[PDB]
Amino acid sequence: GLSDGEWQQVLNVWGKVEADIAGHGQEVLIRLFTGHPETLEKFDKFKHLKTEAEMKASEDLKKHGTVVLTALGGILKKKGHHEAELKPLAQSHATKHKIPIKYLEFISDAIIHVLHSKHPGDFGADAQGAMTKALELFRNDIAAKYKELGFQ
Ligand code: HEM
């Protein structure tokens, strides 16, 4: 649950992402894959990537980064009223991709890391607080659907 002022911070930060969605999406996935190499094994189309240089050179990884952040941005713009947008993603990630909630924690922290890396000194403590709360809400509502499905 976020206040109006917190949502305003989230959507202000998101403007930074929308200026370069592919570059942000690429770096988020690279941070996930290099920090948590077990996550790469869930992607049949990226498991061939052995080095970060190959990851950086992969145009399909940048494409998928655009898909991921476009979906997340659509959810964030609903300011919590995201049941219709979130349900299909919860279902596909639990039942088809088999993504444990832990990996959603990993990618949430990766987003925070990338924002500081690309905007050092321009991602203030209030903005980090609000973005963190928004990603916690996203993860918590996914977790509720995971529990319904019995997925661990
Ligand atoms: C912010 C969190 C995430 C968002 C918004 C997101 C979004 C998406 C979307 C929109 C798709 C394509 C449609 C679909 O299959 O539902 C997708 C596919 C997929 N996601 Fe995610 N995802 C997220 C996190 C993760 C994480 C953490 C993992 C694994 C560590 C993951 C694994 C996958 C896989 C394996 C696919 C299929 C890729 C393919 O072969 O095309 N997702 N995701």
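FYI, the numbering just counts along the sequence from 1. Numbering of ligands and ligand atoms starts at 1, following listing order. Values reported hereafter were calculated over all heavy atoms of this structure, with side chains retained and with hydrogens, waters and symmetry mates removed.
From the protein, the heavy atom lying nearest to atom 34 (C) of ligand 1 is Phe43 CE2, 3.5 Å. Of all protein heavy atoms, the one closest to atom 27 (C) of ligand 1 is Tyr103 O, 3.5 Å. Annotation: atom 16 (O) of ligand 1 to nearest protein heavy atom, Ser92 OG, 2.7 Å. Of all protein heavy atoms, the one closest to atom 15 (O) of ligand 1 is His97 NE2, 2.8 Å. Remark: minimum distance from atom 13 (C) of ligand 1 to any protein heavy atom is reached at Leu89 CD2, 4.8 Å. Considering only non-hydrogen protein atoms, atom 21 (Fe) of ligand 1 sits nearest to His93 NE2, 2.1 Å. Of all protein heavy atoms, the one closest to atom 26 (C) of ligand 1 is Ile99 CG2, 4.0 Å. Ranking protein heavy atoms by distance to atom 38 (C) of ligand 1, first place goes to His64 CE1, 3.9 Å.
We find that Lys56 and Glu52 are joined by a salt bridge, their nearest charged nitrogen and carboxylate oxygen being less than 4.0 Å apart. With respect to the salt-bridge test (charged N to carboxylate O, under 4.0 angstrom), the residues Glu105 and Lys102 qualify. Under 4.0 Å is where a charged nitrogen must lie from a carboxylate oxygen, and between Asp122 and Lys16 at least one such pair does. Between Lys118 and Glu27 there is a salt bridge, with a side-chain nitrogen of the basic residue lying less than 4.0 Å from a carboxylate oxygen of the acidic one.
Among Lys45, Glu41, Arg139, the residue whose heavy atom lies nearest to atom 41 (O) of ligand 1 is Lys45. Of the candidates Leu69, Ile111, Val67, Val68, it is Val68 that places a heavy atom closest to atom 5 (C) of ligand 1.
Screening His36, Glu38, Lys98 for a side chain to side chain contact (heavy atoms under 4.5 Å, CB included) with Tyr103, the sole residue that qualifies is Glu38.
A side-chain donor from one of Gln128 and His116 sits under 3.5 Å from a side-chain acceptor of the other.
Under the 3.5 Å distance criterion, the side-chain polar atoms of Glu18 are left unmatched by any main-chain donor or acceptor of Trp14.
Only the side chain of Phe138 comes within contact range of ligand 1, with a heavy atom under 4.0 Å; no backbone atom does.
The aromatic rings of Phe43 and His64 sit perpendicular to each other, their planes meeting at more than 60°, with 30° as the lower class boundary.
Near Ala71, meaning under 4.0 Å from one of its heavy atoms, ligand 1 places the atoms 10 (C).
Note on ligand 1: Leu104 sits in its first shell, one or more heavy atoms being nearer than 4.0 Å.
Using a 4.0 Å threshold on non-hydrogen atoms, atom 2 (C) of ligand 1 counts as touching the protein.
Heavy atoms from other residues, nucleotides or ligands lying under 6.0 Å from NZ of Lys133 number more than 12.
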